[PDB]
Amino acid sequence: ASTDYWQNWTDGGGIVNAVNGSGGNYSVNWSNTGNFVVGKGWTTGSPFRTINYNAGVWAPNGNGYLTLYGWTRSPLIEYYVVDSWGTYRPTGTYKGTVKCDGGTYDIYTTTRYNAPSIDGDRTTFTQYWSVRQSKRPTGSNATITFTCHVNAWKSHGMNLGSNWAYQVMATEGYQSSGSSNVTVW
């Protein structure tokens with residue numbers, strides 16, 4: 001499918017060279033950054049979406065996530081389906097596991113306090129995570145069946161909000177350097 005949303009947010013730290021490529025392709029070269037999130041996807045997320053991507057380059061030199069990323073409002077929730085990472089595997093309060101698209105994912109919840117949200121300014125909000133137990137190999141055509149994650153999250157009392165915001169296949173980094181090149185459809 002054609003992506004219609006370009007996400008390019010940085011807290012201003014370091015260098016984040018994000019390139020909005022043709023179609024669903026984007027690339028990012030980053031160095032000594034604060035926190036940033038770059039990715040392509042859809043303006044309005046859906047619990048029924050099947051996301052396809054191929055990360056031709058996944059080269060983080062530190063803390064970075066290759067992840068499906070999105071938000072819902074009412075309530076405010078930042079969610080993640082992490083397929084690969086750099087030096088740090090994100091974790092939180094363990095809820096259980098789910099097998100989706102050939103991989104096994106741990107389900108976690110965490111809370112952010114006085115942190116920047118989608119609306120701007122800062123607030124306290126919950127984060128939902130599905131984190132692969134081992135890094136998914138990159139360079140191949142991968143699929144993330146979001147319904148598989150949404151249903152598993154629901155079984156653990158992790159219900160998404162009623163107002164859907166953007167949904168993208170992103171590269172997120174935190175105080176690190178690296179490069180990525182991803183195509184989304």
# chains A, B, ... in the order shown; residues from 1 in each chain; ligands from 1
call {"tool": "select_by_dssp", "arguments": {"residues": "segment 98-152 of chain A", "states": "strand (DSSP E or B)", "output": "ChimeraX atom specification"}}
result
/A:98-100,103-116,122-132,142-145
call {"tool": "write_last_selection", "arguments": {"atoms": "N, CA and C atoms", "output": "short mmCIF file (atom, residue, chain, number, x, y, z; two decimals), in the first residue's frame"}}
result
data_model
loop_
_atom_site.label_atom_id
_atom_site.label_comp_id
_atom_site.auth_asym_id
_atom_site.auth_seq_id
_atom_site.Cartn_x
_atom_site.Cartn_y
_atom_site.Cartn_z
N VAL A 98 3.70 -13.68 22.74
CA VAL A 98 2.81 -13.94 21.61
C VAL A 98 3.67 -14.29 20.40
N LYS A 99 3.22 -15.24 19.59
CA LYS A 99 3.95 -15.61 18.38
C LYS A 99 3.21 -14.98 17.22
N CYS A 100 3.92 -14.15 16.47
CA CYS A 100 3.36 -13.48 15.30
C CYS A 100 4.41 -13.46 14.22
N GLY A 103 7.92 -15.09 14.60
CA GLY A 103 8.76 -14.76 15.74
C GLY A 103 8.00 -14.79 17.04
N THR A 104 8.72 -14.90 18.15
CA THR A 104 8.10 -14.90 19.47
C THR A 104 8.44 -13.56 20.11
N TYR A 105 7.42 -12.88 20.62
CA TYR A 105 7.58 -11.57 21.23
C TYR A 105 7.17 -11.55 22.69
N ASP A 106 7.91 -10.80 23.50
CA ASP A 106 7.55 -10.63 24.89
C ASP A 106 6.67 -9.39 24.90
N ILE A 107 5.68 -9.36 25.78
CA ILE A 107 4.78 -8.21 25.88
C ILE A 107 5.11 -7.48 27.18
N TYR A 108 5.31 -6.17 27.08
CA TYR A 108 5.65 -5.34 28.25
C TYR A 108 4.85 -4.05 28.27
N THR A 109 4.76 -3.47 29.46
CA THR A 109 4.14 -2.17 29.63
C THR A 109 5.14 -1.36 30.44
N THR A 110 5.17 -0.07 30.17
CA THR A 110 6.02 0.88 30.88
C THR A 110 5.21 2.18 30.94
N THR A 111 5.66 3.12 31.75
CA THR A 111 5.01 4.41 31.90
C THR A 111 6.08 5.48 31.77
N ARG A 112 5.75 6.55 31.05
CA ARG A 112 6.66 7.67 30.86
C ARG A 112 6.11 8.81 31.72
N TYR A 113 7.00 9.49 32.43
CA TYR A 113 6.60 10.59 33.30
C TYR A 113 7.17 11.92 32.82
N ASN A 114 6.28 12.89 32.65
CA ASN A 114 6.64 14.23 32.20
C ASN A 114 7.54 14.15 30.97
N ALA A 115 7.05 13.43 29.97
CA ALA A 115 7.78 13.22 28.73
C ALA A 115 6.99 13.81 27.57
N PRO A 116 7.68 14.20 26.49
CA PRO A 116 7.02 14.79 25.31
C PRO A 116 6.05 13.77 24.71
N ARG A 122 4.55 18.24 27.71
CA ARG A 122 4.89 16.99 28.39
C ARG A 122 3.76 16.47 29.23
N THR A 123 3.73 15.16 29.43
CA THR A 123 2.69 14.57 30.25
C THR A 123 3.11 13.15 30.63
N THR A 124 2.25 12.46 31.36
CA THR A 124 2.51 11.09 31.80
C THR A 124 1.61 10.15 30.99
N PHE A 125 2.20 9.12 30.38
CA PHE A 125 1.42 8.19 29.56
C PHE A 125 1.99 6.78 29.59
N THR A 126 1.17 5.82 29.18
CA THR A 126 1.53 4.42 29.15
C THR A 126 2.05 4.02 27.78
N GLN A 127 2.99 3.07 27.76
CA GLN A 127 3.56 2.55 26.52
C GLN A 127 3.28 1.05 26.50
N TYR A 128 2.88 0.54 25.33
CA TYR A 128 2.62 -0.89 25.14
C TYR A 128 3.73 -1.38 24.23
N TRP A 129 4.30 -2.53 24.56
CA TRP A 129 5.39 -3.09 23.76
C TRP A 129 5.26 -4.57 23.46
N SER A 130 5.63 -4.93 22.23
CA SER A 130 5.80 -6.33 21.84
C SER A 130 7.26 -6.23 21.38
N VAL A 131 8.15 -6.98 22.02
CA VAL A 131 9.57 -6.96 21.68
C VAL A 131 10.03 -8.36 21.32
N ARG A 132 10.56 -8.51 20.11
CA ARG A 132 11.00 -9.83 19.67
C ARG A 132 12.04 -10.38 20.64
N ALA A 142 9.77 -8.37 5.31
CA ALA A 142 9.18 -8.78 6.57
C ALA A 142 7.75 -8.28 6.70
N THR A 143 6.97 -8.98 7.51
CA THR A 143 5.59 -8.64 7.75
C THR A 143 5.31 -8.54 9.24
N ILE A 144 4.50 -7.56 9.62
CA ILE A 144 4.08 -7.41 11.01
C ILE A 144 2.55 -7.40 10.93
N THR A 145 1.93 -8.49 11.36
CA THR A 145 0.47 -8.61 11.36
C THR A 145 0.04 -7.96 12.67
#
call {"tool": "residues_around", "arguments": {"residues": "residue 172 of chain A", "least_positions_apart": "2", "cutoff": "9 Å", "atoms": "only C-alpha atoms", "output": "VMD selection string"}}
result
chain A and resid 35 to 39 63 to 67 170 174
call {"tool": "write_last_selection", "arguments": {"atoms": "N, CA and C atoms", "output": "PDB file, in the first residue's frame"}}
result
ATOM      1  N   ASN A  35      16.869  12.185  21.612  1.00  0.00           N
ATOM      2  CA  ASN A  35      15.856  11.202  21.194  1.00  0.00           C
ATOM      3  C   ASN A  35      15.233  11.684  19.888  1.00  0.00           C
ATOM      4  N   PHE A  36      15.004  10.759  18.962  1.00  0.00           N
ATOM      5  CA  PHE A  36      14.379  11.083  17.681  1.00  0.00           C
ATOM      6  C   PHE A  36      13.613   9.859  17.185  1.00  0.00           C
ATOM      7  N   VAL A  37      12.634  10.094  16.318  1.00  0.00           N
ATOM      8  CA  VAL A  37      11.817   9.037  15.729  1.00  0.00           C
ATOM      9  C   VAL A  37      11.555   9.450  14.286  1.00  0.00           C
ATOM     10  N   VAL A  38      11.958   8.591  13.356  1.00  0.00           N
ATOM     11  CA  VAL A  38      11.787   8.828  11.922  1.00  0.00           C
ATOM     12  C   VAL A  38      11.152   7.604  11.278  1.00  0.00           C
ATOM     13  N   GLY A  39      10.171   7.805  10.406  1.00  0.00           N
ATOM     14  CA  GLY A  39       9.566   6.646   9.773  1.00  0.00           C
ATOM     15  C   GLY A  39       8.472   7.012   8.797  1.00  0.00           C
ATOM     16  N   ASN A  63      22.133   2.653  21.074  1.00  0.00           N
ATOM     17  CA  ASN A  63      20.709   2.462  21.339  1.00  0.00           C
ATOM     18  C   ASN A  63      19.811   2.961  20.197  1.00  0.00           C
ATOM     19  N   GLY A  64      19.175   2.015  19.512  1.00  0.00           N
ATOM     20  CA  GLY A  64      18.272   2.347  18.417  1.00  0.00           C
ATOM     21  C   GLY A  64      17.290   1.204  18.223  1.00  0.00           C
ATOM     22  N   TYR A  65      16.056   1.522  17.837  1.00  0.00           N
ATOM     23  CA  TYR A  65      15.010   0.503  17.620  1.00  0.00           C
ATOM     24  C   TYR A  65      14.478   0.550  16.187  1.00  0.00           C
ATOM     25  N   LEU A  66      14.244  -0.635  15.622  1.00  0.00           N
ATOM     26  CA  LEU A  66      13.637  -0.789  14.299  1.00  0.00           C
ATOM     27  C   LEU A  66      12.279  -1.323  14.777  1.00  0.00           C
ATOM     28  N   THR A  67      11.255  -0.487  14.673  1.00  0.00           N
ATOM     29  CA  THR A  67       9.991  -0.841  15.278  1.00  0.00           C
ATOM     30  C   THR A  67       8.754  -0.230  14.625  1.00  0.00           C
ATOM     31  N   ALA A 170       9.215   2.706  12.040  1.00  0.00           N
ATOM     32  CA  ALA A 170      10.241   3.649  12.407  1.00  0.00           C
ATOM     33  C   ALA A 170      11.598   3.188  12.863  1.00  0.00           C
ATOM     34  N   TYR A 174      18.301   6.883  20.759  1.00  0.00           N
ATOM     35  CA  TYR A 174      18.442   7.625  22.002  1.00  0.00           C
ATOM     36  C   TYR A 174      19.918   7.706  22.346  1.00  0.00           C
TER      37      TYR A 174
END
call {"tool": "residues_around", "arguments": {"residues": "residue 43 of chain A", "least_positions_apart": "5", "cutoff": "8 Å", "atoms": "only C-alpha atoms", "output": "NGL selection string"}}
result
:A and (4-5 or 165-167)
call {"tool": "residues_around", "arguments": {"residues": "residue 118 of chain A", "least_positions_apart": "3", "cutoff": "9 Å", "atoms": "only C-alpha atoms", "output": "NGL selection string"}}
result
:A and (71 or 76 or 78 or 121 or 165)
call {"tool": "atom_distance", "arguments": {"atom1": "atom CA of residue 87 of chain A", "atom2": "atom CA of residue 60 of chain A"}}
result
8.0 Å
call {"tool": "atom_distance", "arguments": {"atom1": "atom CA of residue 50 of chain A", "atom2": "atom CA of residue 11 of chain A"}}
result
29.6 Å
call {"tool": "select_by_dssp", "arguments": {"residues": "segment 29-157 of chain A", "states": "helix (DSSP H, G or I)", "output": "PyMOL selection string"}}
result
chain A and resi 146-155
